[PDB]
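Quick notes on the structure that follows.
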Amino acid sequence: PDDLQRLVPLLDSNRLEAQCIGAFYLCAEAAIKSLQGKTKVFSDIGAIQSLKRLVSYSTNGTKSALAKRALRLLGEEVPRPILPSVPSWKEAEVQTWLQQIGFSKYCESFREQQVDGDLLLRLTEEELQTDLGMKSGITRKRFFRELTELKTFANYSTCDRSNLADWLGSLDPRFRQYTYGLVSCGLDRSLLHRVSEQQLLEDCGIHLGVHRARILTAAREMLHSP
Amino acid sequence: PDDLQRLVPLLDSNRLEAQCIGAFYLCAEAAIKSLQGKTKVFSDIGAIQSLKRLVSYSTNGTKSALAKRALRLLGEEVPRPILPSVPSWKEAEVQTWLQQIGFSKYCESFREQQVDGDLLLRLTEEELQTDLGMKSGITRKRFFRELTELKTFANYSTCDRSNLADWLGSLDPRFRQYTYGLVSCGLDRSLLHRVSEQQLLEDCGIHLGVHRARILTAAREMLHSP
Amino acid sequence: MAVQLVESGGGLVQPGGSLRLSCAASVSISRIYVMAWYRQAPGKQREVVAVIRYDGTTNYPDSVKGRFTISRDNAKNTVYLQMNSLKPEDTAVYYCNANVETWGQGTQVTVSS
Amino acid sequence: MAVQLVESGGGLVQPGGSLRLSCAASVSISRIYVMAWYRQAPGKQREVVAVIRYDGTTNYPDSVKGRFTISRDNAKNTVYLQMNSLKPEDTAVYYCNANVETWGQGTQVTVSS
């Protein structure tokens with residue numbers, strides 16, 4: 001009824017605990033009101049719209065799990081994000097991406113070398129500095145900031161069989177950016193458990209020692225699961 | 001009959017399990033209908049054409065094995081791919097290949113140095129950069145992408161006695177590209193089992209550490225088979 | 001699966017004056033990562049005029065800062081562009097853009113008497 | 001074992017107008033890795049106009065994108081080339097090509113009154 005309307009904006013809170021308890025309450029009374037016929041209260045109060053909103057792009061296991069349980073109890077379907085299919089791109093999409101991020105002054109060079117999505121996702125600093133013309137380290141740092149923002153929000157489904165992206169995202173959302181370096185080199189979820197650090201450094205292109213160490217321990221812990 | 005026609009396009013599915021069960025069904029009823037005289041249903045329903053299609057260029061042990069068993073039960077012959085005989089080429093075929101892949105602006109240099117198939121399959125980055133003129137690392141990366149696509153689909157029968165190509169392909173289809181580096185250096189299936197990693201790095205030209213490690217373990221496991 | 005975008009608005013106005021363009025999609029906008037508006041003048045190439053992400057952070061080029069404004073509307077799946085103070089050179093065909101790949105068809109916009 | 005290719009089509013048409021060329025092989029096309037069409041104008045060297053692999057992914061040069069189209073036909077072993085909008089400079093001898101080595105014999109194509 002009208003009491004439920006007070007619990008409708010609380011979810012917009014900045015802190016975690018408010019969101020957690022709001023989701024626990026709504027999901028619990030959804031489970032209560034689910035067996036009877038009255039499920040139409042969620043329709044006309046418009047809480048379903050906020051739930052269908054917040055489930056996508058959320059890295060919070062408790063609230064997202066509760067929202068999924070609430071939606072699947074009402075017989076609806078959970079949404080999923082619509083991410084760019086970066087590793088199957090051509091030069092036109094690369095150039096419009098360069099228009100979008102603001103590096104429009106380099107669109108000529110990226111056209112002459114015919115850089116596409118597979119070549120975009122495997123760029124290093126030598127290709128940037130020597131032949132693409134980004135001389136200043138500040139500009140390369142800005143470019144890599146934008147690139148690593150893109151790489152965490154791509155769609156690797158056309159090339160990732162073993163679903164490595166979710167395994168990397170479960171550790172830390174910042175880690176998903178490495179998935180293409182693990183797949184093009186050949187790895188997968190089954191044979192991951194016996195890689196060395198020195199192979200992670202130059203083949204998979206992981207540079208931060210902390211990320212190498214966390215990935216190594218988390219992989220090596222999943223030692224002989226099959 | 002007409003029921004079989006419903007199982008005729010299902011094989012075009014993207015997922016594996018649909019293809020697997022369709023092949024299991026068709027092969028099983030082929031084995032059932034094989035001892036009687038009625039084998040002509042496979043003729044006039046046109047399923048044999050799709051089977052003769054999908055057996056070549058397929059890296060899937062279950063479905064391809066089932067398709068082979070189905071064909072060999074009907075007394076037919078399995079097709080085999082028709083691959084280029086790269087390591088016996090001349091300069092004319094090299095130049096038309098350069099027309100085909102799109103690197104037509106380098107056909108002059110590859111003619112002056114008289115690069116042929118044996119020299120094509122043993123190119124490194126120093127020969128590309130210094131004297132063939134590919135200065136930019138992006139262009140060399142594109143060239144090597146095309147080359148490694150060609151090398152996995154070549155015909156090494158005129159130079160590979162011990163059938164090393166199938167042994168490498170059984171591990172991973174991406175690995176077949178290394179076969180010529182193993183044969184020109186001298187190796188074969190019998191004496192492979194006692195090579196070191198440091199010999200695989202600069203003699204056989206394998207650069208990725210992951211591929212070296214997988215090849216080493218898979219060879220060393222086949223230790224003293226004869 | 002392929003999202004379809006349709007634009008609306010456009011036409012002609014006088015120098016000085018506002019207009020609002022709308023772009024409607026086939027799915028929920030709140031699933032799409034980025035959406036953007038693009039502008040192509042006759043005789044030149046395309047360029048960006050506004051972007052907006054899933055969390056509603058927007059970037060504008062320096063040319064049109066303060067004069068344009070992009071917003072999502074979650075009631076009906078539609079992204080709006082608001083053009084407040086217009087110049088004579090702001091006449092072109094405008095396109096709506098989903099993630100990167102998919103485009104719209106465009107709407108012509110002209111500024112004169 | 002050596003596959004034989006035979007072409008058909010060719011002749012002459014007017015500027016503007018379509019044509020279709022056919023190339024038939026001795027074995028199943030679905031076994032061949034790549035097939036391609038080539039074009040040699042009088043007074044110059046050969047060049048590619050279309051390729052197609054075993055999985056049916058095709059590449060065209062920038063010169064003829066949108067105007068040509070290559071396809072496999074699995075009923076009878078034959079690869080087709082479709083030439084829709086013709087120019088005066090698109091007159092040459094055309095050849096069919098199997099994997100790399102084997103060639104056809106060619107067919108002359110001319111565009112005028």
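Going through the structure tokens in order, the chains are called A, B, and so on, while each chain numbers its residues from 1 and the ligands are numbered from 1 in the order shown.
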
I'd like the superposed chain C, fitted onto chain D by least squares over all Cα atoms in order, as a short mmCIF file (atom, residue, chain, number, x, y, z; two decimals) with C-alpha atoms, in the first residue's frame.
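That gives us part08.cif:
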```cif
data_model
loop_
_atom_site.label_atom_id
_atom_site.label_comp_id
_atom_site.auth_asym_id
_atom_site.auth_seq_id
_atom_site.Cartn_x
_atom_site.Cartn_y
_atom_site.Cartn_z
CA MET C 1 43.66 -34.99 -57.26
CA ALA C 2 44.44 -31.74 -59.06
CA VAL C 3 41.18 -29.81 -59.05
CA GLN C 4 40.02 -28.33 -62.35
CA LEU C 5 38.11 -25.06 -62.44
CA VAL C 6 35.92 -23.85 -65.31
CA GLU C 7 34.38 -20.40 -65.59
CA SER C 8 31.23 -19.18 -67.29
CA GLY C 9 29.55 -15.86 -67.95
CA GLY C 10 31.49 -12.93 -69.31
CA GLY C 11 30.88 -11.15 -72.58
CA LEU C 12 29.76 -7.54 -72.73
CA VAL C 13 27.23 -5.18 -71.18
CA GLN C 14 26.46 -1.47 -71.00
CA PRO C 15 27.77 0.93 -68.34
CA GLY C 16 25.42 0.41 -65.45
CA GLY C 17 23.93 -3.05 -65.20
CA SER C 18 24.52 -6.40 -63.53
CA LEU C 19 26.13 -9.70 -64.46
CA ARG C 20 26.85 -13.01 -62.76
CA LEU C 21 29.90 -15.20 -63.24
CA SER C 22 30.08 -18.85 -62.27
CA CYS C 23 33.03 -21.10 -61.46
CA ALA C 24 32.62 -24.87 -61.21
CA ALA C 25 35.13 -27.29 -59.69
CA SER C 26 35.87 -31.00 -59.92
CA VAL C 27 35.31 -31.82 -56.24
CA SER C 28 33.13 -30.56 -53.42
CA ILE C 29 33.76 -26.88 -52.82
CA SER C 30 33.13 -27.41 -49.10
CA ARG C 31 36.51 -29.17 -48.82
CA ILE C 32 38.54 -26.30 -50.26
CA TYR C 33 40.01 -23.88 -47.74
CA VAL C 34 39.79 -20.61 -49.69
CA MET C 35 38.46 -19.64 -53.09
CA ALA C 36 38.86 -16.32 -54.81
CA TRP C 37 38.19 -14.28 -57.92
CA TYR C 38 40.93 -12.31 -59.64
CA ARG C 39 40.92 -9.58 -62.25
CA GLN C 40 43.59 -8.67 -64.79
CA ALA C 41 43.16 -5.57 -66.92
CA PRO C 42 45.13 -5.21 -70.16
CA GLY C 43 48.39 -3.44 -69.48
CA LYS C 44 48.52 -4.13 -65.73
CA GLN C 45 49.01 -7.01 -63.31
CA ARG C 46 46.46 -9.16 -61.54
CA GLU C 47 44.55 -8.18 -58.43
CA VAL C 48 42.01 -9.69 -56.13
CA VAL C 49 38.31 -8.83 -56.15
CA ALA C 50 36.74 -11.30 -53.68
CA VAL C 51 37.72 -14.18 -51.40
CA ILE C 52 35.71 -16.67 -49.37
CA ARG C 53 36.79 -19.27 -46.83
CA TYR C 54 35.41 -22.63 -45.73
CA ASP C 55 33.26 -20.97 -43.06
CA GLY C 56 31.88 -18.38 -45.47
CA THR C 57 33.59 -15.19 -44.33
CA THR C 58 34.32 -12.87 -47.22
CA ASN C 59 36.69 -9.96 -47.76
CA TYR C 60 36.46 -7.37 -50.48
CA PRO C 61 38.87 -4.62 -51.51
CA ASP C 62 37.77 -1.06 -50.90
CA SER C 63 37.46 -0.41 -54.64
CA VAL C 64 34.46 -2.67 -55.17
CA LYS C 65 32.75 -2.78 -51.77
CA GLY C 66 28.99 -2.70 -52.07
CA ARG C 67 29.03 -3.45 -55.80
CA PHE C 68 30.15 -7.10 -55.87
CA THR C 69 29.08 -10.20 -53.96
CA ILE C 70 30.60 -13.70 -53.82
CA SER C 71 28.77 -16.81 -52.68
CA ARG C 72 29.17 -20.58 -52.48
CA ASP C 73 26.46 -22.87 -53.80
CA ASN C 74 26.46 -26.26 -52.14
CA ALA C 75 23.86 -27.89 -54.40
CA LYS C 76 26.23 -28.05 -57.36
CA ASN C 77 29.88 -27.25 -56.77
CA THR C 78 29.95 -23.67 -58.02
CA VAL C 79 31.04 -20.31 -56.65
CA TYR C 80 29.19 -17.26 -57.96
CA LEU C 81 30.24 -13.64 -58.36
CA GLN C 82 27.53 -10.99 -58.71
CA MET C 83 28.45 -7.64 -60.26
CA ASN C 84 25.68 -5.13 -59.71
CA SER C 85 26.69 -1.57 -60.62
CA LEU C 86 29.31 -1.49 -63.33
CA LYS C 87 31.78 1.21 -64.33
CA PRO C 88 33.71 1.64 -67.58
CA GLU C 89 37.01 0.69 -65.95
CA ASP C 90 35.66 -2.67 -64.77
CA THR C 91 36.60 -4.41 -68.01
CA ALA C 92 39.23 -7.14 -67.86
CA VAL C 93 39.80 -10.87 -67.91
CA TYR C 94 38.54 -12.61 -64.79
CA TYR C 95 39.96 -15.77 -63.24
CA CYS C 96 38.77 -18.29 -60.68
CA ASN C 97 41.25 -19.43 -58.05
CA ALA C 98 41.30 -22.44 -55.73
CA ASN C 99 43.52 -22.62 -52.63
CA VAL C 100 46.41 -20.61 -53.99
CA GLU C 101 48.18 -22.62 -56.66
CA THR C 102 45.50 -23.73 -59.09
CA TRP C 103 44.07 -21.24 -61.57
CA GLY C 104 41.30 -21.17 -64.12
CA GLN C 105 41.54 -20.02 -67.71
CA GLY C 106 39.63 -16.75 -67.49
CA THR C 107 36.67 -15.01 -69.14
CA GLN C 108 36.69 -11.64 -70.86
CA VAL C 109 34.32 -8.93 -69.60
CA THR C 110 33.69 -5.61 -71.36
CA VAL C 111 31.46 -2.60 -70.74
CA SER C 112 30.28 -0.29 -73.57
CA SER C 113 27.41 0.25 -76.03
#
```

task: For residue 54 in chain B, work out the shell of residues within 8 Å, counting only C-alpha atoms and skipping chain neighbours fewer than 4 positions away, then give it as a list in words.
output: residues 50, 58 and 64 of chain B

Closest contacts (range 175-215 of chain A/range 78-98 of chain A, max 12 Å, only C-alpha atoms) as CSV:
```
residue,atom,partner,partner_atom,distance
A:179,CA,A:87,CA,11.5
A:180,CA,A:87,CA,8.7
A:181,CA,A:87,CA,11.7
A:183,CA,A:87,CA,11.5
A:184,CA,A:87,CA,10.7
```

Could you write those residues out with N, CA, C and O atoms, as a short mmCIF file (atom, residue, chain, number, x, y, z; two decimals), in the first residue's frame?
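New file again_23.cif:
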```cif
data_model
loop_
_atom_site.label_atom_id
_atom_site.label_comp_id
_atom_site.auth_asym_id
_atom_site.auth_seq_id
_atom_site.Cartn_x
_atom_site.Cartn_y
_atom_site.Cartn_z
N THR A 179 40.97 -10.22 -18.98
CA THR A 179 40.50 -11.49 -19.51
C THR A 179 40.99 -11.75 -20.93
O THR A 179 41.34 -12.89 -21.26
N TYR A 180 41.13 -10.71 -21.75
CA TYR A 180 41.51 -10.97 -23.12
C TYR A 180 42.97 -11.38 -23.21
O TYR A 180 43.31 -12.27 -23.99
N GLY A 181 43.80 -10.86 -22.31
CA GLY A 181 45.17 -11.32 -22.28
C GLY A 181 45.30 -12.75 -21.85
O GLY A 181 46.29 -13.40 -22.19
N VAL A 183 43.00 -15.05 -22.76
CA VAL A 183 42.37 -15.95 -23.71
C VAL A 183 43.18 -16.03 -24.99
O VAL A 183 43.39 -17.12 -25.53
N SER A 184 43.60 -14.88 -25.51
CA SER A 184 44.43 -14.86 -26.71
C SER A 184 45.73 -15.62 -26.50
O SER A 184 46.25 -16.23 -27.44
#
```

statement: As a check of understanding: the span from CA of residue 35 in chain A to CA of residue 65 in chain A is 20.4 Å

query: B:226, B:22, B:137, B:173: which is nearest residue 62 in chain B, counting only C-alpha atoms?
result: B:22

message: If you run DSSP on the backbone here, which positions in range 9-113 of chain C get helix (DSSP H, G or I)? Please write them as a PyMOL selection string.
response: chain C and resi 29-31+62-64

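Taking CA of residue 154 in chain A and CA of residue 59 in chain B as the two end points, the separation is 27.1 Å.
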
message: Just want the 10 Å neighbourhood of residue 47 in chain B, counted on only C-alpha atoms, with same-chain residues fewer than 2 positions away dropped. Output as a PyMOL selection string.
response: chain B and resi 4-5+7-9+26+41-45+49-53

Expected file contents, prior selection, N, CA and C atoms, as a short mmCIF file (atom, residue, chain, number, x, y, z; two decimals), in the first residue's frame:
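Result went into selection.cif, see below:
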```cif
data_model
loop_
_atom_site.label_atom_id
_atom_site.label_comp_id
_atom_site.auth_asym_id
_atom_site.auth_seq_id
_atom_site.Cartn_x
_atom_site.Cartn_y
_atom_site.Cartn_z
N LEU B 4 12.37 -36.90 -40.24
CA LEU B 4 13.81 -36.72 -40.34
C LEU B 4 14.18 -35.33 -40.82
N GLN B 5 13.31 -34.72 -41.63
CA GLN B 5 13.55 -33.36 -42.11
C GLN B 5 13.60 -32.34 -40.98
N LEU B 7 15.12 -32.84 -38.21
CA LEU B 7 16.46 -32.94 -37.63
C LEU B 7 17.55 -32.50 -38.60
N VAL B 8 17.18 -31.95 -39.75
CA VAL B 8 18.13 -31.54 -40.79
C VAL B 8 18.73 -30.15 -40.55
N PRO B 9 17.98 -29.12 -40.12
CA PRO B 9 18.69 -27.86 -39.83
C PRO B 9 19.19 -27.73 -38.40
N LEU B 26 20.92 -39.35 -35.36
CA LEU B 26 21.04 -39.75 -36.76
C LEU B 26 21.98 -40.93 -36.94
N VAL B 41 16.72 -43.86 -47.93
CA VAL B 41 16.12 -42.72 -47.25
C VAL B 41 17.15 -41.62 -47.03
N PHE B 42 18.38 -41.98 -46.63
CA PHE B 42 19.43 -40.97 -46.48
C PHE B 42 19.75 -40.28 -47.80
N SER B 43 19.59 -40.99 -48.92
CA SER B 43 19.81 -40.37 -50.22
C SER B 43 18.76 -39.30 -50.50
N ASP B 44 17.49 -39.69 -50.58
CA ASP B 44 16.49 -38.74 -51.06
C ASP B 44 16.10 -37.67 -50.04
N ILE B 45 16.47 -37.82 -48.76
CA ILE B 45 16.23 -36.73 -47.80
C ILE B 45 17.37 -35.72 -47.76
N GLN B 49 24.35 -34.86 -47.63
CA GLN B 49 25.07 -33.67 -48.09
C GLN B 49 25.56 -32.85 -46.90
N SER B 50 24.72 -32.70 -45.87
CA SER B 50 25.13 -31.96 -44.68
C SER B 50 26.21 -32.72 -43.91
N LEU B 51 26.10 -34.05 -43.86
CA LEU B 51 27.14 -34.85 -43.22
C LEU B 51 28.47 -34.74 -43.96
N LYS B 52 28.46 -34.87 -45.29
CA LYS B 52 29.68 -34.69 -46.07
C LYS B 52 30.21 -33.27 -45.97
N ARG B 53 29.34 -32.31 -45.65
CA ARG B 53 29.77 -30.94 -45.39
C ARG B 53 30.56 -30.85 -44.09
#
```

task: Dump as a PyMOL selection string the residues of chain B that approach chain A to within 8 Å, counting only C-alpha atoms.
output: chain B and resi 136-139+208-210
